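These notes are about the structure you will find just below.
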Amino acid sequence: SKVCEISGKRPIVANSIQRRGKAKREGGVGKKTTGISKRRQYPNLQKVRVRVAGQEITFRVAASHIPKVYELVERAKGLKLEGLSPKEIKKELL
Amino acid sequence: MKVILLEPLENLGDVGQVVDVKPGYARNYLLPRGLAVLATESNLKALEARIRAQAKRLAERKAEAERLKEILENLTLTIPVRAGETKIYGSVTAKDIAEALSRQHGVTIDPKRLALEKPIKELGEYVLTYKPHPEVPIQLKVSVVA
Amino acid sequence: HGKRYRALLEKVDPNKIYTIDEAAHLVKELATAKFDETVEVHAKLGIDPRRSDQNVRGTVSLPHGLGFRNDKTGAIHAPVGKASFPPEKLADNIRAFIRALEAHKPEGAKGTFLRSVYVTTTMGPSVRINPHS
RNA sequence: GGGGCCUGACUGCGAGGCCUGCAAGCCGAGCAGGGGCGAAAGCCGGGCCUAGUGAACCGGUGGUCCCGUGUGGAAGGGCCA
RNA sequence: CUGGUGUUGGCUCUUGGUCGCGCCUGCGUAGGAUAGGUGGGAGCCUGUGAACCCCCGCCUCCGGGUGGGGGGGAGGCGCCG
RNA sequence: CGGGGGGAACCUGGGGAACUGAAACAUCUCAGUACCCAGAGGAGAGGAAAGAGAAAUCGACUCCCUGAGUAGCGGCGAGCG
RNA sequence: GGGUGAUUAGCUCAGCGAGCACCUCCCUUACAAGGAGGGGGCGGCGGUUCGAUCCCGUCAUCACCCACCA
Ligand SMILES: [Mg+2]
Ligand SMILES: [Mg+2]
Ligand SMILES: [Mg+2]
Ligand SMILES: [Mg+2]
Ligand SMILES: [Mg+2]
Ligand SMILES: [Mg+2]
Ligand SMILES: [Mg+2]
Ligand SMILES: [Mg+2]
Ligand SMILES: [Mg+2]
Ligand SMILES: [Mg+2]
Ligand SMILES: [Mg+2]
Ligand SMILES: [Mg+2]
Ligand SMILES: [Mg+2]
Ligand SMILES: [Mg+2]
Ligand SMILES: [Mg+2]
Ligand SMILES: [Mg+2]
Ligand SMILES: [Mg+2]
Ligand SMILES: [Mg+2]
Ligand SMILES: [Mg+2]
Ligand SMILES: [Mg+2]
Ligand SMILES: [Mg+2]
Ligand SMILES: [Mg+2]
Ligand SMILES: [Mg+2]
Ligand SMILES: [Mg+2]
Ligand SMILES: [Mg+2]
Ligand SMILES: [Mg+2]
Ligand SMILES: [Mg+2]
Ligand SMILES: [Mg+2]
Ligand SMILES: [Mg+2]
Ligand SMILES: [Mg+2]
Ligand SMILES: [Mg+2]
Ligand SMILES: [Mg+2]
Ligand SMILES: [Mg+2]
């Protein structure tokens with residue numbers, strides 16, 4: 001679970017490549033790899049707490065999709081339920 | 001970021017104005033304090049739909065007044081008062097001027113807002129003014145018997 | 001200054017770039033001078049004067065008659081004549097010498113070269129003009 | 001060893017051989033182009049000779065104009081140095 | 001450990017860059033004792049209160065430099081030297 | 001109302017070595033293999049062109065043959081394709 | 001291969017000509033310290049202006065953190 005509750009973004013595996021030397025494009029002999037190893041890239045994951053019907057709903061969202069939560073906030077129909085009201089504002093149509 | 005101001009906010013301007021401010025300001029101050037909303041395809045539609053609504057109610061009031069303005073800018077009422085010589089035993093109050101207009105010429109009036117001071121104690125020809133917002137002069141003749 | 005060109009500066013505008021043929025005809029009316037107006041229009045150039053290899057010289061006389069050298073600050077000056085010639089002929093003479101310049105334009109000279117040409121007289125203002133149109 | 005005039009310390013090739021496991025290394029007359037010295041015969045493809053050197057890869061630099069991913073260019077490469 | 005950036009907002013004072021235009025700026029006897037460059041150009045600005053004046057300001061290479069205002073009201077004057 | 005758990009091998013997805021080869025070794029190889037995990041089913045995946053790619057051409061996807069050890073990729077090595 | 005910096009009379013510096021020196025001379029009594037006089041000397045030329053150790057390309061070496069090296 002470092003996974004955006006809106007976009008679905010989750011951590012991915014990326015290699016980290018250490019290169020040495022001077023690009024061929026600069027007239028160097030060209031670049032050499034002194035190591036490759038696995039790393040991860042996490043989504044930029046933030047809390048956003050927002051007030052909806054009675055309650056305080058807090059989402060974990062990739063900062064890219066922070067707007068989607070407020071779009072989702074507009075979206076007001078008939079929910080008197082618990083702080084697990086978000087299952088309703090979670091997505092519906094999308 | 002586009003927000004519709006819900007309240008005159010002073011440098012970042014007037015109500016219903018669509019102002020562009022930083023999201024942090026928007027999300028963590030304006031929106032949660034009910035000081036504005038996101039200017040969306042909908043919330044901007046509801047705004048323009050409601051700039052029309054008011055500008056109808058107003059522009060049908062200025063076309064209400066002037067539409068009953070010309071009624072009594074031409075029509076005149078004459079009220080006989082118990083005579084005296086250029087002094088009235090009673091008076092004619094602004095209240096009275098209403099009652100006249102209903103009785104003769106059948107129009108209706110509130111009747112505040114002409115001149116409430118000095119309920120008029122003398123005979124003569126008077127020109128009195130009316131309301132709300134651009135408005136009417138009226139003509140009242142006072143003479144004698146009943 | 002005086003009211004010479006403080007009567008004349010609301011009709012002639014420095015701000016919004018102009019071209020020659022529309023801005024050529026006002027050169028004799030813009031000078032309120034009492035006497036003998038000799039017009040001079042000029043631009044500076046994008047060559048470094050700090051090296052003499054890039055300088056420019058000569059004597060080329062104008063077709064119409066009397067009636068080019070770069071400084072060490074890198075601008076350009078030259079007389080085009082005397083009172084003489086009228087307002088409407090200079091669309092012919094305003095592109096005349098201006099094309100004798102670029103003949104000796106240096107090769108190792110770097111940058112846009114005719115930069116701001118402001119049509120002026122000895123007696124007159126700052127107004128934008130295009131070197132070409 | 002001294003002097004004069006020069007730049008053959010050439011370009012295009014190279015019969016035939018020395019050596020040699022390979023790859024190398026070596027010598028080379030002669031023909032063509034344009035030259036140098038010489039009256040000429042002729043000599044001159046560095047130095048009396050035998051050490052003074054380094055495959056290939058990758059890349060730099062100048063040049064030819066060979067290729068140019070639908071086509072014209074361009075990017076990049078090839079070829080000669 | 002750390003620069004930039006996202007999450008990250010309000011209000012301020014404060015500065016650098018650079019651009020546009022406005023604005024001033026600069027001294028090797030000398031030209032007339034106070035010439036930034038360079039080609040023009042033979043004068044002109046001036047009453048839309050000049051010649052100076054005074055208070056009041058800015059830079060001061062300080063003799064000097066310079067504008068706001070008024071007391072200011074019919075000359076200063078360019079090459080010419 | 002549905003789910004849960006199991007199933008020889010097969011399938012897709014999330015993750016993912018080393019020995020070894022390179023007659024040393026680090027990029028490279030082994031290999032997206034082994035293995036772990038999740039999920040399908042009797043199959044699974046894929047599929048109806050924001051495709052190919054040089055013809056004014058073809059026409060979803062899958063699978064076999066071929067194209068071809070070609071085009072290329074490559075400490076331009078081993079080797080990959 | 002950069003940023004470029006250290007450019008300086010005999011040594012070091014400073015300006016988009018000084019100190020420890022060296023010589024004669026005072027002072028003590030004497031090293032001295034001082035005090036006063038004398039001494040072509042500006043990485044390199046071509047070029048800039050009235051003038052230019054006080055303006056600009058090669059590049060002549062010099063460091064410090066740097067590039068790269070089949
Ligand atoms: Mg990395
Ligand atoms: Mg490589
Ligand atoms: Mg590995
Ligand atoms: Mg938040
Ligand atoms: Mg974003
Ligand atoms: Mg969608
Ligand atoms: Mg042979
Ligand atoms: Mg052999
Ligand atoms: Mg031969
Ligand atoms: Mg021959
Ligand atoms: Mg001969
Ligand atoms: Mg011969
Ligand atoms: Mg190799
Ligand atoms: Mg090569
Ligand atoms: Mg070609
Ligand atoms: Mg092409
Ligand atoms: Mg071609
Ligand atoms: Mg193409
Ligand atoms: Mg090439
Ligand atoms: Mg600024
Ligand atoms: Mg997988
Ligand atoms: Mg290994
Ligand atoms: Mg190993
Ligand atoms: Mg091995
Ligand atoms: Mg082995
Ligand atoms: Mg070993
Ligand atoms: Mg692999
Ligand atoms: Mg797998
Ligand atoms: Mg199962
Ligand atoms: Mg079956
Ligand atoms: Mg089947
Ligand atoms: Mg099926
Ligand atoms: Mg592979």
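Order determines the names: the first chain of the structure tokens is A, the second B, and so forth; residues in each chain are numbered 1 upward, and ligands are numbered 1 upward as they are shown.
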
Counting only C-alpha atoms (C1' of nucleotides) and all ligand atoms, which protein, DNA or RNA residues come within 9 Å of ligand 22, given as a list in words?
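Using only C-alpha atoms (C1' of nucleotides) and all ligand atoms, everything at most 9 Å from ligand 22 comes to residues 18, 19, 20, 29 and 30 of chain F.
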
Kindly compile the residues surrounding ligand 18 within 12 Å, counting only C-alpha atoms (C1' of nucleotides) and all ligand atoms, and format them as a list in words.
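Protein and nucleic-acid residues within 12 Å of ligand 18: residues 68, 69, 70, 71, 72, 73, 74 and 75 of chain D; 53 and 54 of chain F.
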
Let me see if you get this right: every residue at most 8 Å from ligand 25, counting only C-alpha atoms (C1' of nucleotides) and all ligand atoms, written as a ChimeraX atom specification.
/F:21-24

Selection export as a PDB file, in the first residue's frame, atoms kept: N, CA, C and O atoms (P, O5', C5', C4', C3', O3' and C1' of nucleotides):
```pdb
ATOM      1  P     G F  21      32.532 -21.379 -16.573  1.00  0.00           P
ATOM      2  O5'   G F  21      32.031 -20.488 -17.798  1.00  0.00           O
ATOM      3  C5'   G F  21      31.415 -21.122 -18.913  1.00  0.00           C
ATOM      4  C4'   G F  21      30.956 -20.132 -19.958  1.00  0.00           C
ATOM      5  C3'   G F  21      31.958 -19.076 -20.333  1.00  0.00           C
ATOM      6  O3'   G F  21      32.989 -19.552 -21.163  1.00  0.00           O
ATOM      7  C1'   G F  21      29.898 -18.043 -19.981  1.00  0.00           C
ATOM      8  P     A F  22      34.520 -19.257 -20.759  1.00  0.00           P
ATOM      9  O5'   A F  22      34.716 -17.765 -21.272  1.00  0.00           O
ATOM     10  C5'   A F  22      34.218 -17.365 -22.527  1.00  0.00           C
ATOM     11  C4'   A F  22      33.886 -15.895 -22.543  1.00  0.00           C
ATOM     12  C3'   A F  22      34.968 -14.910 -22.156  1.00  0.00           C
ATOM     13  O3'   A F  22      35.859 -14.569 -23.199  1.00  0.00           O
ATOM     14  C1'   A F  22      32.906 -14.278 -21.154  1.00  0.00           C
ATOM     15  P     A F  23      36.781 -15.555 -24.091  1.00  0.00           P
ATOM     16  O5'   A F  23      37.433 -16.645 -23.166  1.00  0.00           O
ATOM     17  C5'   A F  23      38.238 -16.325 -22.046  1.00  0.00           C
ATOM     18  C4'   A F  23      38.115 -17.485 -21.098  1.00  0.00           C
ATOM     19  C3'   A F  23      38.801 -17.387 -19.736  1.00  0.00           C
ATOM     20  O3'   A F  23      37.846 -17.458 -18.689  1.00  0.00           O
ATOM     21  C1'   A F  23      39.124 -19.527 -20.766  1.00  0.00           C
ATOM     22  P     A F  24      37.189 -16.099 -18.113  1.00  0.00           P
ATOM     23  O5'   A F  24      38.278 -15.572 -17.085  1.00  0.00           O
ATOM     24  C5'   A F  24      38.806 -16.414 -16.078  1.00  0.00           C
ATOM     25  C4'   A F  24      39.366 -15.576 -14.961  1.00  0.00           C
ATOM     26  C3'   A F  24      38.443 -14.489 -14.425  1.00  0.00           C
ATOM     27  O3'   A F  24      37.551 -14.964 -13.411  1.00  0.00           O
ATOM     28  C1'   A F  24      40.492 -13.518 -15.015  1.00  0.00           C
TER      29        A F  24
END
```

What do you get as a list in words if you pick all residues at most 9 Å from ligand 15, counting only C-alpha atoms (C1' of nucleotides) and all ligand atoms?
residues 65, 66, 67 and 68 of chain D

Taking 5 positions as the minimum chain separation for residues in the same chain, which residues sit within 12 Å of residue 68 (chain A) when counting only C-alpha atoms (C1' of nucleotides)? Answer as a PyMOL selection string.
(chain A and resi 4-7+48+59-63+73-75+89-91+94) or (chain B and resi 38)

Among region 18-135 of chain B, which ones does DSSP place in strand (DSSP E or B), written as a VMD selection string?
chain B and resid 18 to 20 36 to 38 77 to 79 92 120 124 to 129

At a cut-off of 7 Å, using only C-alpha atoms (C1' of nucleotides), what residues contact region 11-20 of chain B? Leave out same-chain residues fewer than 5 positions from it and give the result as a PyMOL selection string.
chain B and resi 1-6

What residues in chain E have any atom no more than 10 Å from chain C when counting only C-alpha atoms (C1' of nucleotides), and can you write them as a PDB file with C-alpha atoms (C1' of nucleotides), in the first residue's frame?
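What follows is the written file part08.pdb:
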```
ATOM      1  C1'   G E  20      12.245  49.200 -21.898  1.00  0.00           C
ATOM      2  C1'   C E  21      12.064  54.163 -21.658  1.00  0.00           C
ATOM      3  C1'   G E  37      32.678  59.140 -28.037  1.00  0.00           C
ATOM      4  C1'   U E  38      32.219  60.295 -32.842  1.00  0.00           C
ATOM      5  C1'   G E  39      30.001  62.247 -37.886  1.00  0.00           C
ATOM      6  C1'   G E  40      27.094  65.938 -38.578  1.00  0.00           C
ATOM      7  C1'   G E  41      25.918  70.750 -38.149  1.00  0.00           C
ATOM      8  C1'   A E  42      26.699  77.734 -38.655  1.00  0.00           C
ATOM      9  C1'   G E  43      23.761  78.980 -34.251  1.00  0.00           C
ATOM     10  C1'   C E  44      19.976  79.236 -31.100  1.00  0.00           C
ATOM     11  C1'   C E  45      17.115  78.510 -26.472  1.00  0.00           C
ATOM     12  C1'   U E  46      14.380  82.391 -24.588  1.00  0.00           C
ATOM     13  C1'   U E  48       4.546  78.596 -21.690  1.00  0.00           C
TER      14        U E  48
END
```

Enumerate as a list in words the residues within 12 Å of ligand 1, counting only C-alpha atoms (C1' of nucleotides) and all ligand atoms.
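Using only C-alpha atoms (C1' of nucleotides) and all ligand atoms, I find these residues within 12 Å of ligand 1: residues 14, 15, 16, 17, 18, 19, 33, 34, 35, 36, 37, 38, 39, 40 and 41 of chain A.
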
Restricting it to C-alpha atoms, dump the selection as a tab-separated table (two decimals), in the first residue's frame.
```tsv
chain	number	residue	atom	x	y	z
A	14	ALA	CA	13.39	1.15	-11.86
A	15	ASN	CA	17.07	0.46	-12.39
A	16	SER	CA	19.66	2.92	-11.11
A	17	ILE	CA	22.44	3.17	-13.73
A	18	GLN	CA	25.80	4.68	-12.77
A	19	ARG	CA	27.60	5.90	-15.90
A	33	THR	CA	28.27	1.68	-16.94
A	34	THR	CA	29.97	1.04	-13.60
A	35	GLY	CA	26.78	-0.28	-12.07
A	36	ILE	CA	23.13	-1.12	-12.51
A	37	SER	CA	20.95	-2.08	-9.58
A	38	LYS	CA	17.27	-2.25	-8.73
A	39	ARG	CA	15.54	0.59	-6.89
A	40	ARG	CA	11.92	1.77	-6.55
A	41	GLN	CA	9.98	4.90	-7.38
```

At most 12 Å from ligand 30 (only C-alpha atoms (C1' of nucleotides) and all ligand atoms): residue list as a PyMOL selection string
chain F and resi 41-43

Contact residues around residue 7 (chain E) with only C-alpha atoms (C1' of nucleotides) at 9 Å, ignoring same-chain residues under 6 positions, as a list in words:
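Once the nearby chain positions are removed, what remains is residues 44, 45, 46, 47 and 63 of chain A.
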
Skipping near chain neighbours, those fewer than 4 positions away, what residues fall within 12 Å of residue 31 (chain E) using only C-alpha atoms (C1' of nucleotides), listed as a PyMOL selection string?
chain E and resi 35+79+81

Mind giving me the straight-line distance from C1' of residue 61 (chain D) to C1' of residue 81 (chain D) in Å, one decimal?
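Separating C1' of residue 61 (chain D) from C1' of residue 81 (chain D) is a distance of 10.1 Å.
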
Under the rule that only C-alpha atoms are counted, which of A:69, A:93, A:79, A:12 is the nearest residue to chain B?
A:69
